[PDB]
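**Student:** structure of the sequence below:
(7 chains)
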Amino acid sequence: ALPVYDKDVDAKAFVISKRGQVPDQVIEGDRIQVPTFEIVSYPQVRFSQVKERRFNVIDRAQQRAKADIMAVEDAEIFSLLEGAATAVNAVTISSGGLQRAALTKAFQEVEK
Amino acid sequence: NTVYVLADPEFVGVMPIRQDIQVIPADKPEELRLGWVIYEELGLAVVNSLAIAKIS
Amino acid sequence: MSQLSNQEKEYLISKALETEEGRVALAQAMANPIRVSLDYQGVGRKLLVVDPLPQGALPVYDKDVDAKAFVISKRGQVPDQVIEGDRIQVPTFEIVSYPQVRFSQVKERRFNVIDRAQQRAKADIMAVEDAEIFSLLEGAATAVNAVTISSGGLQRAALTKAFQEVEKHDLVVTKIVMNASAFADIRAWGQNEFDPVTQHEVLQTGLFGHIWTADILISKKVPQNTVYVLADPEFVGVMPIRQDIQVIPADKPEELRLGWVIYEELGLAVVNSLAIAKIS
Amino acid sequence: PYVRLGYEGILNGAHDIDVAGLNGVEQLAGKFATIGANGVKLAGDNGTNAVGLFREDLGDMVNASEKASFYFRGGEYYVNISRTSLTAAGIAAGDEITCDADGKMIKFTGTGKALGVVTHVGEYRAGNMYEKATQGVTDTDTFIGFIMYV
Amino acid sequence: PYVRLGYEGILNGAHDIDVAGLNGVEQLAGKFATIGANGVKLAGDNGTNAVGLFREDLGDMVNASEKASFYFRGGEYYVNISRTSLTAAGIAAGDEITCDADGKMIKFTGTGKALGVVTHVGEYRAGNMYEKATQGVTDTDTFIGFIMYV
Amino acid sequence: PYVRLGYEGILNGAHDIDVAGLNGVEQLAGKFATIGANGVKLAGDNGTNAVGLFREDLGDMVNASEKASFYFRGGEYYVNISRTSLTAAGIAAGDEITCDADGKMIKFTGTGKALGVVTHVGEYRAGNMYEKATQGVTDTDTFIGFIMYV
Amino acid sequence: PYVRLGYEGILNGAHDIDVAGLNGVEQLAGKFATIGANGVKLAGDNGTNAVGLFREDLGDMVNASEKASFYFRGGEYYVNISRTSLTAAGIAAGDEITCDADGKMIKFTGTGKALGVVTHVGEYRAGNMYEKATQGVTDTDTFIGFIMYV
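**Tutor:** Numbering: from 1, shown residues only, chains lettered A, B, ... in the order given. Provided below are the atomic coordinates:
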């Protein structure tokens, strides 16, 4: 939307929005253990709890941010976010090279 | 910039729960380790987030 | 929705109803603070732009054929210009959701200044407007271009062609894709081209700043003494204004938000500013 | 049937009545004009006219594509041709409307045509053509005396 | 100008559609007559004009009005076109009735008739020249309260 | 179709808008369909779909009808050709889409008729079957969703 | 048309006649105003204005200077017949302009042998010839827009 004169009719601009609703989710896991196995192993009790806990904290983040949108999967962030592409810079170049290239894009947004 | 861009609302925090007293332990002595959270995620300004896909 | 509905089986939500929390919005960089701004009170601004200047044929004789130092300029007239956008809003949705009003003034103010800045840098003028960075500038000789990689060398090389024009160099107006691509290359062995690994929070060449914008078309970078080249006169500064008790806003069940600035832009000479296309 | 025969003394674009529009020059439906119903309608032969984009609403009744004083009410590519019959002018509401969407005799010019936006009366006025309703794509290159397109 | 009884519910207007020449083409969408409220549909006793002086509401309903939804240009000219006789009945009680805005007799009165607005004596009369919408005709002319066929 | 996943759970799973090939009458000026927010990067069914009528945005984008209540606009002259696939959440063309029909089948949910309001969520709903009306020919009452003809 | 003056945009409400010369034809094309070398960032609007006393002082460019009465010599008048509207503002680029004089038949001003002079902008004034003059020495049958060979 370029500027126009005061002897020519004023330019306009508009914004469009859609409204969205996000429902809550439950992430949970159970792990089933035999008492005999548990008591004798000893640190197995601690380990199984810490792993299942870690696994639930990974699965909440995984769905919300990424995944795809299916009949048992969500995806909030991934859908909304704006495009950017390394490919414009070069198609096939090192793993290091990508990470360096990637930093620059953010500047554009005024994140720096 | 993770802190401005998204925020994590917590209905319930993550917590492990342990129950030795349900149907399957009754039938045959068994122990259950319970692990759960109830979550929601907030997006304060998510059109600042850029996604790039690696080629190599 | 926005992704799978897990439990909500109401699709109405009382004719819209939302709680106080951040509403997503765009922020873009601009090529507008690159160019200098100063205020003006008047009804129009007049500029001189340089036409062709005859250096003629260099000394070889005295009072037979003589060389000419003569430089020519023409005056062009600039009217006051309006940049404006209106947003139309309904009070009920706004009142219940709660941040919408505030979101709408900032998002509107940003939106217009962003769109102006985008148009203003690249491409040839229209018939309602004059001075656009891309029009004003000249190309560059075959010499600047290389067949050996050295991103720093191209930009460096460009400055010297620009010096003949008499540019004192303010800032370099650079493209996001090209700059990234310059990093992706190597200096053979270690390091990254343009500026190396350790410094990237500040990028400076020739002892001069980089303002990084995507306004300009891809594969182009523009060095210049930006302050000379254009000047943006402002007749009235940016303000939000709302009319809802005025005649047409009144008629609606609604309130009208106006977002405007009353602007101008001068483009001095056509032989100030320089474009280069990078091969890296 | 028609409320006159069309006059070509309608200032600044917007001329002709259809032979029998609904999609060409053959077959017709009447339908009512509530073009800028709620809001002030702009006097034609005064304002900056053109044939704008138009919108069906409340079934197969037509009104203006409002987007500049009303919060995205949509628009369409199916247009209103209003009666230039007798001493009436530009766009008018109070008429029988024969409509098009690629048919004839449409006019599609007038002031603010290209580098233009759409008014809240369903007309074009000048601005910029990249936001606020298109002025055509390949249908932007049709001037006076050439077969107008939407 | 043709034989008319119709069915008045407000003073003046209403006329026969038995003789009203070629009748305009109907459009797809139905909508209700607002009289009564027996059953889910709105079904009451007639008490509405047969022909002319109607105004579209929000909700996609049609009923009588001597009001114009728009503030400027012309008036009412929304008229009922059906294949159903109106000669003892108005707009239909129960069920979908289809309208248009082309042809049928109206009433003009006093000086001029070429363009029309709506007045609140159940009659149409002349609006301003190059300011207001046409509905009338300068081919049939009035003899002072007289019925014009469009 | 998808009133069988619908009945107040609209916008979950694949839904098309079509059960039969659309009528004639091209629309001129091409434009994109997307139901996303700053790009469609939605892949797979459920989530926001582009079922429902449409509205023109900047006249360069068409998207689903997701405006505010009050001053709602009924029927429209086309529905977008289905690009519903599992590489998408409903219709969203990654080329320019050109539309057609005299109006076609759309999906309505709620305790209305065929016409509701918008709560800024895809498609229309709302109660009151006596303050709302069928779109298209013959009376149809809503009880679990049906495909209503414009 | 009408009043256009752009918007696509053809009339242009200004018609200026290329009067072909006599004894072998001569033409000259409408001149731009530019000071020295050829204008950058468009060439702007013409230096020549219908009904104005100009003199070329540059090959493709025309500028101010007013021919002084006393001792009869040639043209350099470049009077072009007046357009309708824009008669004290000059004429803008995209409207009809030419140059008429110097080896061709010209456009005259003033009715009878009673003559006076012209302002640049397109106005006519009275005045006797005493420090400036415009147009050739009067002849029989000389009116406004009449063809005198000078």
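
**Student:** contacts, neighbours, all on C-alpha from now
**Tutor:** Fine.

**Student:** quick one: contacts for residue D:47?
**Tutor:** Residue D:47 makes no contacts at all, as judged by Cα atoms under 8 Å, 6 or more residues apart in numbering or on different chains.

**Student:** now the most centrally placed residue in chain A. Its backbone dihedrals?
**Tutor:** What sits nearest the mean C-alpha location of chain A, by Cα atoms, centre = their mean, is residue A:65, with 2.7 Å. Here is the backbone geometry of residue A:65 (degrees, to the nearest 10): phi -70, psi -60.

**Student:** tell me what the longest strand along chain A is packed against?
**Tutor:** The residue-count maximum for a strand in chain A (DSSP state E) belongs to strand A:25-33. Here strand A:25-33 touches helix A:44-65, strand B:31-39, going by 3 or more Cα pairs under 8 Å, 6 or more residues apart in numbering or on different chains; DSSP states H and E.

**Student:** next one: the residue nearest to the centre of chain A from residue G:100, what distance?
**Tutor:** Between residue A:65 and residue G:100 the computed distance is 75 Å (Cα to Cα, to the nearest Å).

**Student:** how about residue D:50, phi and psi?
**Tutor:** Dihedral angles for residue D:50 - degrees, to the nearest 10 - are phi 180, psi 170.

**Student:** at which residues are the strands of chain D located?
**Tutor:** Using DSSP E, strands in chain D cover D:54-57, D:61-64, D:79-81, D:98-100, D:116-118, D:124-126.

**Student:** up against chain G, what does chain D have?
**Tutor:** D:9-13, D:109-114, D:143-144 (Cα under 8 Å from any Cα of the partner chain).

**Student:** which of those count as buried?
**Tutor:** D:9-13, D:109-114, D:143-144 (16 or more other Cα atoms under 10 Å in any protein chain shown).

**Student:** and those, which two are furthest apart?
**Tutor:** D:9 and D:114 (22.5 Å; Cα to Cα).

**Student:** next up, the contacts around residue D:142.
**Tutor:** Residue D:142 makes contact with D:108, D:148-149, according to Cα under 8 Å, 6+ apart.

**Student:** I misspoke; the intended subject was residue D:69.
**Tutor:** By Cα under 8 Å, 6+ apart, the contact set of residue D:69 is C:87-88, C:249, C:252, C:256, D:120.

**Student:** near chain B, anything from stretch A:84-104?
**Tutor:** Yes - if you take Cα under 8 Å from any Cα as the test, stretch A:84-104 does meet chain B, through A:84-87, A:91-95, A:98, A:102.

**Student:** ChimeraX command for the buried members of the residues you listed?
**Tutor:** The buried residues among the residues of stretch A:84-104 next to chain B can be selected in ChimeraX (16+ other Cα under 10 Å) with this line:
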select /A:84,85,86,87,93,98,102
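
**Student:** for chain A, what lies in contact range of chain F?
**Tutor:** Residues of chain A lying close to chain F by Cα under 8 Å from any Cα are A:14, A:16-20, A:68-71, A:78-83.

**Student:** residue F:67: which of those is nearest?
**Tutor:** Closest to residue F:67, out of all of those and judged by Cα to Cα, is residue A:18, at 7.5 Å.

**Student:** doesn't residue F:57 make contact with the closest one?
**Tutor:** No - with contact defined as Cα atoms under 8 Å, residue A:18 does not reach residue F:57; the gap is 10.9 Å.

**Student:** and the two? Which one has more around it.
**Tutor:** residue F:57 (24 against 19; other Cα atoms under 10 Å in any protein chain shown).

**Student:** on that earlier part again, and the longest strand of chain A, how far from the chain's centre?
**Tutor:** Here the centre of strand A:25-33 is set off from its chain's centre by 22 Å, with Cα atoms, centre = their mean, to the nearest Å.

**Student:** now that strand and strand B:31-39, what's the angle there?
**Tutor:** 170 degrees (axes from the mean of the first three to the mean of the last three Cα atoms, to 10 degrees).

**Student:** check contacts around the residue of chain D found nearest chain E.
**Tutor:** Nearest residue of chain D to chain E: residue D:37, at 4.0 Å (Cα to the nearest Cα). Applying Cα under 8 Å, 6+ apart, we find residue D:37 in contact with D:63, E:69-71.

**Student:** do the same with residue D:22
**Tutor:** Contacts of residue D:22 by Cα under 8 Å, 6+ apart are D:28-29, D:98-101, D:103.

**Student:** redo those residues as CSV? Include neighbour count.
**Tutor:** Formatted as CSV, the contacts of residue D:22 follow (neighbours: other Cα atoms under 10 Å in any protein chain shown):
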residue, neighbour count
D:28, 21
D:29, 19
D:98, 25
D:99, 28
D:100, 25
D:101, 24
D:103, 23
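
**Student:** how about those residues in CSV, adding distance to residue F:4?
**Tutor:** Shown next, in CSV, are the contacts of residue D:22 (distance: Cα to Cα, whole Å):
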residue, distance to residue F:4
D:28, 37
D:29, 35
D:98, 38
D:99, 36
D:100, 36
D:101, 34
D:103, 39
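
**Student:** ok, so of those, who is nearest chain F?
**Tutor:** Nearest to chain F among the contacts of residue D:22, with distances taken as Cα to the nearest Cα, is residue D:101, at 6.0 Å.

**Student:** which parts of chain D sit against chain E?
**Tutor:** So far as Cα under 8 Å from any Cα goes, chain D lies against chain E at D:1-4, D:28-32, D:34, D:36-45, D:58-60, D:83, D:85-89, D:92-97.

**Student:** hmm, 6 Å instead?
**Tutor:** Contacts of chain D with chain E, taken as Cα under 6 Å from any Cα of the partner chain, map to D:1, D:3, D:29-32, D:37-38, D:40-41, D:43, D:58-59, D:87-88, D:92-96.

**Student:** please check those and keep the buried ones.
**Tutor:** D:3, D:29-32, D:37-38, D:40-41, D:43, D:58-59, D:87-88, D:92-96.

**Student:** buried ones in the longest strand of chain A, by neighbour count?
**Tutor:** A:25, A:27-30, A:33.

**Student:** ok, the residues you listed vs residue E:50, which is closest?
**Tutor:** Nearest to residue E:50 among those, with distances taken as Cα to Cα, is residue A:25, at 58.5 Å.

**Student:** contact partners for that closest one?
**Tutor:** Counting by Cα atoms under 6 Å, 6 or more residues apart in numbering or on different chains, residue A:25 touches B:38-39.

**Student:** now it: how far from chain F?
**Tutor:** According to Cα to the nearest Cα, to the nearest Å, residue A:25 and chain F sit 15 Å apart.

**Student:** same question for residue A:88.
**Tutor:** 18 Å.
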